[PDB]
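Content type PDB, C-alpha atoms and all ligand atoms, from the file run_28.pdb:
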ATOM      1  CA  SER A 309      30.843  -4.753 -19.264
ATOM      2  CA  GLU A 310      27.035  -4.580 -19.164
ATOM      3  CA  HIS A 311      26.888  -7.536 -16.745
ATOM      4  CA  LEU A 312      29.578  -6.073 -14.498
ATOM      5  CA  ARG A 313      27.633  -2.824 -14.018
ATOM      6  CA  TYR A 314      24.651  -4.844 -12.851
ATOM      7  CA  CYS A 315      27.043  -6.654 -10.526
ATOM      8  CA  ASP A 316      28.161  -3.266  -9.238
ATOM      9  CA  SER A 317      24.515  -2.497  -8.416
ATOM     10  CA  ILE A 318      24.173  -5.830  -6.548
ATOM     11  CA  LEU A 319      27.250  -4.858  -4.568
ATOM     12  CA  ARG A 320      25.665  -1.515  -3.728
ATOM     13  CA  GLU A 321      22.551  -3.227  -2.425
ATOM     14  CA  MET A 322      24.523  -5.688  -0.322
ATOM     15  CA  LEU A 323      26.386  -2.764   1.279
ATOM     16  CA  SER A 324      23.226  -0.699   1.952
ATOM     17  CA  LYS A 325      21.511  -0.126   5.316
ATOM     18  CA  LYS A 326      18.596  -2.221   4.035
ATOM     19  CA  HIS A 327      20.495  -5.418   4.883
ATOM     20  CA  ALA A 328      23.000  -4.163   7.464
ATOM     21  CA  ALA A 329      21.187  -6.106  10.210
ATOM     22  CA  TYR A 330      22.473  -9.384   8.743
ATOM     23  CA  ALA A 331      25.184  -8.204   6.322
ATOM     24  CA  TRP A 332      27.565  -6.494   8.726
ATOM     25  CA  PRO A 333      29.714  -9.580   9.594
ATOM     26  CA  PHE A 334      30.927  -9.540   5.959
ATOM     27  CA  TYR A 335      31.754  -5.834   5.628
ATOM     28  CA  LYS A 336      35.458  -5.981   6.490
ATOM     29  CA  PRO A 337      37.871  -8.963   6.449
ATOM     30  CA  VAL A 338      37.720 -11.518   9.239
ATOM     31  CA  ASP A 339      40.141 -10.391  11.929
ATOM     32  CA  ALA A 340      41.098 -13.809  13.258
ATOM     33  CA  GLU A 341      43.248 -12.353  16.052
ATOM     34  CA  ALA A 342      40.650  -9.875  17.357
ATOM     35  CA  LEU A 343      38.031 -12.594  17.179
ATOM     36  CA  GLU A 344      40.397 -15.115  18.851
ATOM     37  CA  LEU A 345      39.887 -17.653  16.020
ATOM     38  CA  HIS A 346      43.141 -19.531  16.170
ATOM     39  CA  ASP A 347      42.166 -22.028  13.453
ATOM     40  CA  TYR A 348      40.665 -19.610  10.933
ATOM     41  CA  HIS A 349      43.635 -19.521   8.574
ATOM     42  CA  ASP A 350      44.058 -23.268   8.813
ATOM     43  CA  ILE A 351      40.549 -23.866   7.499
ATOM     44  CA  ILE A 352      39.936 -20.812   5.308
ATOM     45  CA  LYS A 353      42.752 -20.568   2.740
ATOM     46  CA  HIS A 354      41.251 -17.816   0.505
ATOM     47  CA  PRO A 355      39.642 -15.232   2.748
ATOM     48  CA  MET A 356      37.111 -12.935   1.191
ATOM     49  CA  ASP A 357      34.798 -10.131   2.250
ATOM     50  CA  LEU A 358      32.654  -7.405   0.776
ATOM     51  CA  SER A 359      35.314  -4.684   0.949
ATOM     52  CA  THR A 360      37.805  -6.833  -0.982
ATOM     53  CA  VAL A 361      35.079  -7.306  -3.581
ATOM     54  CA  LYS A 362      34.604  -3.541  -3.782
ATOM     55  CA  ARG A 363      38.367  -3.126  -4.292
ATOM     56  CA  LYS A 364      38.399  -5.655  -7.103
ATOM     57  CA  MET A 365      35.238  -4.068  -8.599
ATOM     58  CA  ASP A 366      36.544  -0.451  -8.285
ATOM     59  CA  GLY A 367      39.927  -1.515  -9.766
ATOM     60  CA  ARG A 368      38.211  -3.264 -12.735
ATOM     61  CA  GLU A 369      39.765  -6.611 -11.649
ATOM     62  CA  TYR A 370      36.882  -8.919 -12.597
ATOM     63  CA  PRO A 371      36.979 -10.405 -16.125
ATOM     64  CA  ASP A 372      33.196 -10.943 -16.164
ATOM     65  CA  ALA A 373      30.203 -11.344 -13.863
ATOM     66  CA  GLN A 374      31.111 -14.989 -13.237
ATOM     67  CA  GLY A 375      34.355 -14.079 -11.479
ATOM     68  CA  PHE A 376      32.420 -11.595  -9.382
ATOM     69  CA  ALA A 377      30.013 -14.344  -8.358
ATOM     70  CA  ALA A 378      32.924 -16.672  -7.664
ATOM     71  CA  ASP A 379      34.331 -14.230  -5.089
ATOM     72  CA  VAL A 380      30.921 -13.500  -3.492
ATOM     73  CA  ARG A 381      30.026 -17.197  -3.229
ATOM     74  CA  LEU A 382      33.529 -17.905  -1.932
ATOM     75  CA  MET A 383      32.894 -15.432   0.898
ATOM     76  CA  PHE A 384      29.678 -17.246   1.768
ATOM     77  CA  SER A 385      31.227 -20.712   1.476
ATOM     78  CA  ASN A 386      34.011 -19.688   3.841
ATOM     79  CA  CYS A 387      31.474 -18.661   6.448
ATOM     80  CA  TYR A 388      29.677 -22.008   6.104
ATOM     81  CA  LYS A 389      32.916 -24.013   6.107
ATOM     82  CA  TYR A 390      34.224 -22.389   9.282
ATOM     83  CA  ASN A 391      31.110 -22.300  11.517
ATOM     84  CA  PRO A 392      28.900 -25.180  12.639
ATOM     85  CA  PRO A 393      25.465 -24.988  11.016
ATOM     86  CA  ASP A 394      23.613 -23.888  14.179
ATOM     87  CA  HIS A 395      25.526 -20.617  14.584
ATOM     88  CA  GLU A 396      23.445 -17.486  13.986
ATOM     89  CA  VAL A 397      26.178 -16.084  11.724
ATOM     90  CA  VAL A 398      25.354 -18.903   9.297
ATOM     91  CA  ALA A 399      21.706 -17.800   9.279
ATOM     92  CA  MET A 400      22.798 -14.229   8.507
ATOM     93  CA  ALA A 401      25.131 -15.511   5.777
ATOM     94  CA  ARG A 402      22.149 -17.375   4.303
ATOM     95  CA  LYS A 403      19.914 -14.276   4.374
ATOM     96  CA  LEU A 404      22.552 -12.216   2.595
ATOM     97  CA  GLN A 405      23.251 -14.921   0.042
ATOM     98  CA  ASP A 406      19.504 -15.071  -0.651
ATOM     99  CA  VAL A 407      19.687 -11.401  -1.575
ATOM    100  CA  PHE A 408      22.770 -11.911  -3.750
ATOM    101  CA  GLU A 409      21.503 -14.994  -5.598
ATOM    102  CA  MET A 410      18.108 -13.395  -6.203
ATOM    103  CA  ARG A 411      19.541 -10.191  -7.633
ATOM    104  CA  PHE A 412      22.125 -12.137  -9.682
ATOM    105  CA  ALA A 413      19.529 -14.544 -11.136
ATOM    106  CA  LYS A 414      17.387 -11.567 -12.184
ATOM    107  CA  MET A 415      20.320 -10.077 -14.163
ATOM    108  CA  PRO A 416      18.951  -8.903 -17.538
TER
HETATM  109  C1  LIG A 501      32.516  -9.962  14.375
HETATM  110  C2  LIG A 501      32.160 -10.929  15.486
HETATM  111  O1  LIG A 501      31.492 -10.544  16.441
HETATM  112  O2  LIG A 501      32.560 -12.222  15.476
HETATM  113  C3  LIG A 501      31.961 -13.170  16.375
HETATM  114  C4  LIG A 501      31.387 -14.456  15.628
HETATM  115  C5  LIG A 501      30.410 -14.025  14.613
HETATM  116  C6  LIG A 501      29.183 -13.332  15.034
HETATM  117  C7  LIG A 501      28.447 -14.014  16.182
HETATM  118  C8  LIG A 501      29.441 -14.606  17.214
HETATM  119  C9  LIG A 501      28.649 -15.485  18.179
HETATM  120  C10 LIG A 501      27.402 -14.873  18.699
HETATM  121  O3  LIG A 501      27.521 -13.500  19.221
HETATM  122  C11 LIG A 501      26.697 -13.667  18.011
HETATM  123  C12 LIG A 501      25.364 -13.248  18.600
HETATM  124  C13 LIG A 501      24.405 -13.339  17.464
HETATM  125  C14 LIG A 501      24.844 -13.046  16.220
HETATM  126  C15 LIG A 501      26.242 -12.645  15.956
HETATM  127  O4  LIG A 501      26.460 -11.980  14.941
HETATM  128  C16 LIG A 501      27.413 -13.010  16.854
HETATM  129  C17 LIG A 501      28.185 -11.738  17.207
HETATM  130  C18 LIG A 501      30.591 -15.412  16.524
HETATM  131  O5  LIG A 501      30.059 -16.406  15.692
HETATM  132  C19 LIG A 501      31.634 -16.070  17.449
HETATM  133  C20 LIG A 501      32.920 -16.112  16.595
HETATM  134  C21 LIG A 501      32.626 -15.365  15.235
HETATM  135  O6  LIG A 501      33.686 -14.520  14.905
HETATM  136  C22 LIG A 501      32.429 -16.307  13.927
HETATM  137  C23 LIG A 501      32.947 -17.706  14.165
HETATM  138  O7  LIG A 501      30.970 -16.517  13.736
HETATM  139  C24 LIG A 501      32.976 -15.727  12.532
HETATM  140  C25 LIG A 501      32.818 -14.183  12.367
HETATM  141  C26 LIG A 501      32.844 -13.656  10.936
HETATM  142  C27 LIG A 501      33.010 -12.184  10.675
HETATM  143  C28 LIG A 501      32.712 -14.500   9.902
HETATM  144  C29 LIG A 501      32.725 -14.048   8.469
HETATM  145  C30 LIG A 501      32.561 -15.902  10.220
HETATM  146  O8  LIG A 501      32.657 -16.824   9.410
HETATM  147  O9  LIG A 501      32.310 -16.364  11.472
HETATM  148 CL    CL A 502      25.353 -19.426 -12.070
END
Translate the structure described by the file into structure tokens.
Ligand SMILES: CC(=O)OC[C@]12CC[C@H]3[C@@H](C[C@H]4O[C@]45CCCC(=O)[C@]35C)[C@]1(O)CC[C@@]2(O)[C@@](C)(O)[C@@H]1CC(C)=C(C)C(=O)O1
Ligand SMILES: [Cl-]
Amino acid sequence: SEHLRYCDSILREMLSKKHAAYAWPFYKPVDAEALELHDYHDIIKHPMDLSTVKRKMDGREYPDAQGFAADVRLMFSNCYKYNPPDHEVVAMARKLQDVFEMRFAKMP
């Protein structure tokens, strides 16, 4: 759709070097074992990351832009749910979500 191509562009920007500094914790799925997070899958029941979003976007799996946003926001919400609000990862999550929400609001 028209809206989904703009979403594709948002995805490109989120994956670019421009934001890598704060975006990198969301590039690949959360490896709970490598990160020794023994409670991750108790708290987060629907994991989500940027690569999964690329898969769903490249496989034409989103019905419309609103499903795209649902998955992106879900990713962010999971980060906020799991960490306490003074962790730096939450600040990075907020920076990146600022980018996403800005670009999404400015959708033509
Ligand atoms: C990949 C990794 O190093 O993980 C470690 C860590 C995230 C990043 C944090 C790091 C703590 C501080 O060392 C800082 C120093 C400053 C900034 C910083 O980035 C890190 C490396 C962690 O905070 C500890 C555990 C934790 O895994 C989580 C819980 O925050 C998960 C990690 C992930 C990927 C998600 C999506 C989440 O919800 O949160
Ligand atoms: Cl909305």
Which is closest to ligand LIG 501 (chain A) among A:322, A:356, A:387, A:380, if we use only C-alpha atoms and all ligand atoms?
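Closest to ligand LIG 501 (chain A), using only C-alpha atoms and all ligand atoms: A:387.
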Please write the residues picked by the PyMOL selection byres (((chain A and resi 400-413) around 9) and not hetatm) on this file as a list in words.
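On the file shown, the PyMOL selection byres (((chain A and resi 400-413) around 9) and not hetatm) covers residues 314, 315, 318, 319, 321, 322, 327, 329, 330, 331, 333, 334, 377, 380, 381, 384, 387, 388, 396, 397, 398, 399, 414, 415 and 416 of chain A.
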Calculate how many Å separate atom CA of residue 395 of chain A from atom CA of residue 351 of chain A, rounding to one decimal.
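About the pair atom CA of residue 395 of chain A and atom CA of residue 351 of chain A: they are 16.9 Å apart.
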If I take atom CA of residue 354 of chain A and atom CA of residue 385 of chain A, how far is one from the other in Å, to one decimal?
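Atom CA of residue 385 of chain A lies 10.5 Å from atom CA of residue 354 of chain A.
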Nearest to ligand LIG 501 (chain A), chosen from A:361, A:310, A:346, A:369, with only C-alpha atoms and all ligand atoms counted in the distances:
A:346
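With only C-alpha atoms as the atoms that count, the residue of A:345, A:368, A:389, A:378 with the shortest distance to residue 312 of chain A is A:368.
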Take every atom of segment 332-344 of chain A listed in the file, pad by 6 Å on each side, and give me the axis-aligned box centre and edge lengths in Å, one decimal, as AutoDock Vina command-line options.
--center_x 35.4 --center_y -10.5 --center_z 12.2 --size_x 27.7 --size_y 21.3 --size_z 25.2
Counting all atoms listed in the file, which of A:340, A:392, A:352, A:375 gets nearest to ligand CL 502 (chain A)?
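Distance minimum relative to ligand CL 502 (chain A) lands on A:375.
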Could you check the closest approach to residue 391 of chain A for each of A:320, A:347, A:309, A:358 and tell me which residue wins, using all atoms listed in the file?
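Among the listed residues, A:347 lies closest to residue 391 of chain A.
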Under the rule that only C-alpha atoms and all ligand atoms are counted, which of A:372, A:341, A:350, A:366 is the nearest residue to ligand LIG 501 (chain A)?
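Closest residue, counting only C-alpha atoms and all ligand atoms: A:341.
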Can you tell me how far atom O3 of ligand LIG 501 (chain A) sits from atom CA of residue 383 of chain A, in Å to one decimal?
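Computing the Euclidean distance for atom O3 of ligand LIG 501 (chain A) and atom CA of residue 383 of chain A yields 19.2 Å.
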